[PDB]
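Lettering follows sequence order; numbering is per chain, from 1.
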There are 4 protein chains.
Amino acid sequence: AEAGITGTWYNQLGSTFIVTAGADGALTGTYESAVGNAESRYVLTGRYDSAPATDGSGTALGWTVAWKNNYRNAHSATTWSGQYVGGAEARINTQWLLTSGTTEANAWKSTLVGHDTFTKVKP
Amino acid sequence: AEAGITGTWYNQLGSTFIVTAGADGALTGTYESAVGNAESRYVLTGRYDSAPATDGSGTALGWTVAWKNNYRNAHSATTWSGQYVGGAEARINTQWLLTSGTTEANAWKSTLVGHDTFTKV
Amino acid sequence: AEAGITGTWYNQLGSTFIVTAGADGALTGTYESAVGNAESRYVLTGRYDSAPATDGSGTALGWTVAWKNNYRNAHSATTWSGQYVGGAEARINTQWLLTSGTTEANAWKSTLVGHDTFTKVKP
Amino acid sequence: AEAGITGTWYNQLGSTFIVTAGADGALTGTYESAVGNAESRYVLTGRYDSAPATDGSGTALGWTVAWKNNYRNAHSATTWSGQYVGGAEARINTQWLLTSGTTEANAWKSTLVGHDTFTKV
Ligand SMILES: O=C1N[C@H]2NC(=O)N[C@H]2N1
Ligand SMILES: O=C1N[C@H]2NC(=O)N[C@H]2N1
Ligand SMILES: O=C1N[C@H]2NC(=O)N[C@H]2N1
Ligand SMILES: O=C1N[C@H]2NC(=O)N[C@H]2N1
């Protein structure tokens, strides 16, 4: 549902995710990370299932943040893949992949994987 | 390098990725998978890091595809995270996460992980 | 530390992990999963850093369970990679990969990824 | 097929994996990586699923290597999860997780993920 996803969310590290879900399945917003070589806000773009199932299934969605803005350029990008589960305590549970740009030689260790849980605060 | 991300790419499964990379870091285009609960094209959106480093590093990027279009709704979304490397033979090396929308009971097994390599051949 | 890892542990799904850490960095035991095409106990084998660092760093370790025993054969195997963090509330935080045996054609979707947190109960 | 997992395998990075597959599902041997904070051989232990299915499916298996030996202690461990496919050209296709022991502050970035393909060539 777009309304349910739209809002301000935070995760366990203390990062901020501000998103708007558009009618066509699009997600746009900004992300502020509490950790890493990151400062200020970054632009994020993603997609979500605008037509989930009836039932108590989560809504699959994903988004990307390239870690470059006017203040910093970390030469990396993160993609979060997960599902939104609404209710009185709406959560977005995800797993993410953080890839850094590297030389052909260190490419084997260019990607980090983790998981984040976001709790909604505002629309 | 970077702008050269624009084009038509294909991966080892035969899927087609058509992207336009905008000067400021955006990625837009369509994706058509050769496998899965999918038919036709799906819209994709992503970001790439528009000012890569001397050093001969690749350009980090990622994009998402929600597997819903006017033909099918597979109730899942895939994100690809990787890097672009240009040169005579340019490729985009990625690892992806495909999450399906499940009930809680099946949440533990909602995500598949894989890797795709794209070239313009 | 072997003593700290040795014991009975459970995770958020309600699965049981019984392990013994040997002096040489080896881990042996049994695993009982609360979910999946799994029944009874399965044998597990792994390795851990028998010489972690001083400091408050976790001990890296990993183990594998092939999901076949005398009662069931799910044609799959899971590997858990994570770190043991001791203290009064010792935990083992992990990320896992569950690969199923498939045809060359469905190989693209042979692996599931997730994360489990284990809480210790007994030695 | 299965028993044929025993042997010396090499991956695209040039690492060498020497394994012995026991009749009841065990995997034992040594690993020597061509990259990283590693030198010489490390002990590995794993499991494979000893009764694979007609159907022409691969044999699921996984193994672990703690990067500590009498030369180095990199305070990390890697697990490879994948499947073995035999035939004229046999390979083991895997995805791995490399976890380092961090302080809590760095726990979020303690795990790398990759994929390796091994052959006996
Ligand atoms: O909120 C954050 N989650 C983690 N993933 C990532 O890429 N950077 C970290 N910050
Ligand atoms: O091209 C594809 N890559 C794989 N990942 C995914 O999500 N579907 C498959 N198609
Ligand atoms: O305890 C469990 N964790 C999950 N990972 C896995 O492979 N099966 C599930 N059971
Ligand atoms: O052969 C190797 N594979 C890669 N994964 C890993 O842990 N170290 C590297 N060496």
Side-chain angles (χ1 to χ4, degrees), chain A residues 11-14 35 93 95 112-117, chain B residues 108, chain C residues 1-35 38 41-65 78-98 113-123, chain D residues 43 45 47 62 64-68 73-79 81 97-112:
Chain A
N11 66 19
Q12 78 291 342
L13 297 171
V35 309
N93 299 305
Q95 288 203 270
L112 283 170
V113 56
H115 48 88
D116 293 339
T117 301
Chain B
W108 71 275
Chain C
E2 70 80 11
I5 295 173
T6 297
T8 298
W9 304 74
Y10 30 77
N11 66 19
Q12 78 291 342
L13 297 171
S15 295
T16 306
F17 166 52
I18 317 291
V19 63
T20 303
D24 57 336
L27 301 176
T28 47
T30 57
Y31 197 100
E32 186 146 26
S33 179
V35 309
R41 305 204 264 222
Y42 294 87
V43 168
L44 70 88
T45 181
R47 308 284 296 153
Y48 69 106
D49 185 9
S50 35
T54 28
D55 28 51
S57 292
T59 300
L61 41 62
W63 70 86
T64 307
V65 175
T78 299
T79 45
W80 280 261
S81 187
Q83 30 185 154
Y84 159 78
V85 182
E89 279 162 77
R91 299 287 188 262
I92 285 176
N93 299 305
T94 67
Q95 288 203 270
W96 53 255
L97 294 172
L98 163 58
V113 56
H115 48 88
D116 293 339
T117 301
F118 296 89
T119 288
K120 196 183 188 184
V121 43
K122 305 165 194 59
Chain D
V43 173
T45 182
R47 305 285 299 169
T64 300
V65 172
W67 303 104
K68 177 183 171 298
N73 192 343
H75 306 297
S76 51
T78 301
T79 57
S81 181
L97 292 172
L98 165 51
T99 300
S100 301
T102 67
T103 54
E104 279 295 339
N106 299 296
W108 71 275
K109 64 206 233 197
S110 59
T111 309
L112 294 168

For D:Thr99 and C:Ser81, does a side-chain donor sit closer than 3.5 Å to a side-chain acceptor? yes
Return yes if a side-chain donor-acceptor contact under 3.5 Å exists between D:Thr102 and C:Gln83, otherwise no. yes
Test of understanding: with ring pair (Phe, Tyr, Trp, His ring centres under 6.0 Å), list the residues that count as partners of C:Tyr42, not counting sequence neighbours. C:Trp67
Could you measure the distance from the CH2 atom of D:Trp108 to the CD atom of A:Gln12? Nearest 0.5 Å is fine. 11.5 Å
I need the C:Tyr84 OH to C:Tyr48 OH distance, nearest 0.5 Å. 11.0 Å
I'd like to know whether CD of D:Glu104 has more than 12 heavy-atom contacts from other residues, nucleotides or ligands below 6.0 angstrom. no
Between C:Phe17 and C:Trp80, does the ring centre distance come in under 6.0 Å? no
Between C:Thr117 and C:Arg91, the two heavy atoms sitting closest are CG2-CD, 4.2 Å
Could you tell me the separation between the CG atom of C:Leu44 and the OG1 atom of D:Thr45, rounded to the nearest 0.5 Å? 9.5 Å
Listed partners of C:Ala51 passing side-chain contact (heavy atoms from CB on, under 4.5 Å), at least two apart: C:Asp49, D:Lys68, D:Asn73
Do C:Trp96 and C:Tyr31 have ring centres separated by under 6.0 Å? no
Taken in chain and number order and not counting sequence neighbours, the residues that satisfy side-chain contact (heavy atoms from CB on, under 4.5 Å) with C:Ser57 are C:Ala53, C:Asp55, D:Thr103
Looking only at heavy atoms, which two atoms of C:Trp63 and D:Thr64 are closest? And how far apart? N-OG1, 3.5 Å
Tightest non-hydrogen contact, residues C:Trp9 and C:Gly4, listed as CZ2-O, 3.7 Å
Distance in Å, D:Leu97 CG paired with C:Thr79 OG1, rounded so as to fall on 0.5 Å steps: 6.0 Å
Check whether any side-chain N or O of A:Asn11 sits under 3.5 Å from a backbone N or O of A:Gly14 as a donor-acceptor pair, and report yes or no. yes
A:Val113 vs D:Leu112, test: side-chain contact (heavy atoms from CB on, under 4.5 Å). Steps then yes/no. CA-CA 6 Å; A:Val113 56; D:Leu112 294 168; over 6 Å; no
Can you measure from CD (C:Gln95) to CG (C:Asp116) and round to the nearest 0.5 angstrom? 10.0 Å
Would you find a donor on one side and an acceptor on the other, under 3.5 Å apart, between the side chain of C:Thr78 and the backbone of C:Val65? no
Which atoms form the tightest heavy-atom contact between C:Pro52 and C:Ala1, and what is the distance? CG-N, 4.5 Å
Let's go through C:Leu61 and C:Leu27 carefully: what are the C-alpha distance in whole Å and the side-chain angles of both, what is the deciding distance for side-chain contact (heavy atoms from CB on, under 4.5 Å) to 0.1 Å, and is it a yes or a no? CA-CA 9 Å; C:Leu61 41 62; C:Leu27 301 176; 4.3 Å; yes
Please report the shortest heavy-atom distance between C:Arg47 and C:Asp24, naming the atom on each side. NH2-O, 3.1 Å
Give a yes or no on whether the backbone of C:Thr6 and the side-chain of C:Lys120 come within a donor-acceptor separation of less than 3.5 Å. yes
Closest approach of C:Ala60 to D:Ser100 (non-hydrogen atoms, all atoms of both residues): CB-C, 4.3 Å
Once rounded to the nearest 0.5 Å, what's the spacing between atom NZ of C:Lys122 and atom OG1 of C:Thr8? 5.0 Å
With a sphere of 6.0 Å drawn around CZ of C:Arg41, does it hold more than 12 non-hydrogen atoms of other residues, nucleotides or ligands? no
